[PDB]
Amino acid sequence: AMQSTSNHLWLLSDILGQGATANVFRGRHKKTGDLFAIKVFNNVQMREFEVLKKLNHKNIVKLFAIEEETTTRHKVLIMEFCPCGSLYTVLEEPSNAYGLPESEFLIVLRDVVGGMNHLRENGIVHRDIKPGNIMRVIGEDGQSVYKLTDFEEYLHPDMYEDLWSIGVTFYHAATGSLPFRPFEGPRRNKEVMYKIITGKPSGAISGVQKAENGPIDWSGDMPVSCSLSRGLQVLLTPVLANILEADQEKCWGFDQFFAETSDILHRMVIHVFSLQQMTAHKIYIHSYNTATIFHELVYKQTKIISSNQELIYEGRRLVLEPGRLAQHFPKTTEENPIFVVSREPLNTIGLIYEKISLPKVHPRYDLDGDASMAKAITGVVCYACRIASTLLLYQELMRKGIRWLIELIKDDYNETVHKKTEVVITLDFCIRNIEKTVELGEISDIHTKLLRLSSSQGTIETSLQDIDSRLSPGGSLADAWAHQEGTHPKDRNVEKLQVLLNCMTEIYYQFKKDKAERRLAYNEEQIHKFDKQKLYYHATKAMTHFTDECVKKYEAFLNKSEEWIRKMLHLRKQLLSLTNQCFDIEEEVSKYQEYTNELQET
Ligand SMILES: Nc1nc2oc3ccc(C4CCS(=O)(=O)CC4)cc3c(=O)c2cc1C(=O)O
């Protein structure tokens, strides 16, 4: 049994979204077989619907045609089918439980901004913009494409009794959670939800009531679990904070919103890894800005002075001209960035993350309880699987940066030998050319000064070959410990966690299907119970392997890194002083090579 039309037909089982106005079915065309989104209304239109046909944009679901059903003669809308679901469906997956991927987040912001701007150029107010009103289509290039279509938690404080729901959506897509949540959720604590919005804190964007009828934990920054880069949070926070307060006097409006959002999307990314702080970063800088502004953003994200920023890329030093535009910088990835080191001693911090534990599993056979329990616990393992791959990246980036920096130091040492041979040759060809010619005080004073030079020049040679003995294998500065301390891709730790993650996701997706069915049979009930216990042994087995292998080896590698940083900073100061002791005596032998060697006489 199913409904049909002159051109389309759809089954009642293939139902997608179910709402108050109408329901949307997955239907096909009678002549082509192509799939469409059929909207059948449960219950002026012929003009306001044909004006939505001509609406053609990448970020808007195309309304193809309007046909009338066969049996009920209901107005049926034929719309573009988006097989991936809505943004809410995307945010339901455990990998996005603590926030969208950073690249995926930019696609959402681009399509959402690009879609509403085309609707404002035509004059359509969306009123309600939630992850449910944002569909997802896979483009011809494999990247997601988000589209608006349909035009309690996403309401303005005055409407609770336009840019608001956009700020709630972007915060939801960035943290994996809502900005304003009471204790028992926005249900019976609905009056608390309104008291949270009317608190008008302005600068703050979050309000978490972690106790029943307790306080409201405000914050102006993103949570630690945010999977966006710290450079992206700095540019995102003021956009939300200025669109999340009831004051129209203090509201931004679309023009300042569209301007500041277009500013973010037009910035390219320069990947930088602070080798001394063991921190990776992303610099959002416009392609027309100069490298001076680039060093400014690095200082605002690492507190390293701009003049002290020494850059390494692909095994060599990197000199940035202060006027060199950002679009001419070398292309960088998260795995091949620009290592920044500084002569000033820096604190070794490492990666900062929110340390979460497994929530306990209840024995109550609750199809809704087990589902909401399985969703949070699988998102925790994803976060632990996320941090595990980040710690592995930090360690492998550390090994390349250290294995490079020792070659850059050995390059500064080899340049010092070049200036040493230039002084030794000058010394010998000037201390012996005097012996050839050899009124006595004018010559004996030279040898009491030429022999002081060759003596202090020799002490440089001894303290140089000492550094050459330190930059040798096993010379109290070898990078061999980096390969024998932390975790490696050979251990395959990220994949070992990904194995237990898929089993927990398959159990979650099954419990998500078990909740749709109102009740289960006796046989299916015991499978829902047996796999609910396996969900605990997988999460417990993963958290054991995560903390007792990934974290321990990481903190052992980091602790060994902080010591090696000091021993490296120590050797750099010596080699710098030893080279400065070569330049000032390269010119001290210049005061005597032309002095007495060239007397005056006709
Ligand atoms: N044009 C539209 N195309 C739509 O395609 C959809 C395709 C798939 C799904 C499901 C995938 C897996 S799942 O787990 O079952 C969750 C939902 C939902 C939709 C959907 O809701 C939808 C709405 C519209 C609209 O215009 O409202």
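All letters in the sequence shown, in the order written, are residues 0 to 42, 51 to 158, 177 to 186, 203 to 479, 494 to 657 by the deposited numbering.
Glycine included, each C-beta is placed from N, C-alpha and C at the ideal position.
| Check | Outcome |
| --- | --- |
| Indicate, with yes or no, if ligand 1 has a heavy atom lying under 7 Å from the CB of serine 218. | no |
| With respect to 7 Å, is the separation between the Cβ of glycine 32 and the closest non-hydrogen atom of ligand 1 below this value? | no |
| Check for me: the beta strand (DSSP E) holding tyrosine 406 runs from which residue to which? | Run containing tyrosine 406: none; DSSP gives neither H nor E here. |
| Go ahead and pull the three-state DSSP assignment for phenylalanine 380. | strand |
| DSSP on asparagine 41, reduced to helix/strand/coil? | coil |
| Please specify which runs of the alpha helix (DSSP H), each continuous and at least 4 residues long, are wholly inside the stretch 249-294, giving them in chain order. | 271-282 |
| Which residues does DSSP pair with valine 144 in a beta bridge? | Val152 |
| Can you find at least 3 beta carbon pairs, one from the stretch 619-632 and one from the stretch 564-577, that sit closer than 8 Å? | no |
| Output the distance between the C-alpha atoms of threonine 320 and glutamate 385, rounded to the nearest integer angstrom. | 16 Å |
| Taking the beta carbon of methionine 53 as the centre, do at least 16 other beta carbons fall within 10 Å, making it buried, or is it exposed? | exposed |
| Below 8 Å CB to CB, which residues in the same chain sit around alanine 535 once its five sequence neighbours on both sides are set aside? | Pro528, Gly529 |
| Ligand 1 and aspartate 157: does any heavy atom of the ligand fall closer than 7 Å to the residue's C-beta? | yes |
| If you compare alpha carbons, which of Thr278, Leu449, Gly261, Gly226 is closest to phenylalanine 211? | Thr278 |
| Just reading off the beta strand (DSSP E) that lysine 82 is part of, what are its end residues? | 82-87 |
| Does DSSP classify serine 102 as helix, strand or coil? | helix |
| Kindly indicate which residue of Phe370, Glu55, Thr389, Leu366 has the alpha-carbon position closest to the one of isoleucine 345. | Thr389 |
| When you measure from the CB of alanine 571 to every non-hydrogen atom of ligand 1, does any distance come out below 7 Å? | no |
| Compute the distance between the beta-carbons of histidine 307 and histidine 327, then report whether it is under 8 Å. | yes |
| Within 10 Å of its beta-carbon, does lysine 60 have 16 or more other beta-carbons around it, so buried, or fewer, so exposed? | exposed |
| What residue from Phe40, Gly240, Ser315, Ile284 has the CA that sits closest to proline 256's CA? | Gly240 |
| Which whole runs of the beta strand (DSSP E) in the stretch 206-255 are 3 residues long or more, in chain order? | 247-249 |
| Ends of the alpha helix (DSSP H) at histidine 133? | Where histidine 133 is concerned, there is no enclosing alpha helix (DSSP H), given that its DSSP letter is neither H nor E. |
| Of the residues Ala19, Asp148, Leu204, which one's Cα is nearest the Cα of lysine 137? | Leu204 |
| Based on DSSP bridge pairs, tell me the residues matched to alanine 429. | In DSSP, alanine 429 forms no bridge with anything. |
| Under a three-way DSSP split, which group does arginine 365 fall into? | coil |
| By Cβ distance, which residues of its chain are closer than 6 Å to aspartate 586, with the 5 residues on each side in sequence left out? | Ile562 |
| Please list, in chain order, all residues of the same chain as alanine 287 whose beta carbon is under 8 Å from its beta carbon, the five residues on each side excluded. | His181, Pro182, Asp183, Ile238, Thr239, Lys241 |
| Go through the stretch 570-622 residue by residue and report every complete run of the alpha helix (DSSP H) that reaches 4 residues or more, in order. | 577-600 |
| Counting along the chain, where does the alpha helix (DSSP H) carrying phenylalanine 56 start and finish? | 52-60 |
| Cβ-heavy atom distance between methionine 86 and ligand 1 below 7 Å? | yes |
| Does DSSP classify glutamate 641 as helix, strand or coil? | helix |
| Is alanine 36 near ligand 1, with its Cβ less than 7 Å from a heavy atom? | yes |
| For the beta strand (DSSP E) containing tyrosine 185, list its first residue and its last residue. | Segment 182-185 is the alpha helix (DSSP H) holding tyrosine 185; no beta strand (DSSP E) there. |
| What does a CB cutoff of less than 6 Å around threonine 634 pick up in its chain, not counting 5 residues either side in sequence? | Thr457 |
| Between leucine 59 and ligand 1, is the CB less than 7 Å from at least one heavy atom? | no |
| Run the CB neighbour count on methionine 1, radius 10 Å, all protein chains shown included, and call it buried at 16 or more, exposed below. | exposed |
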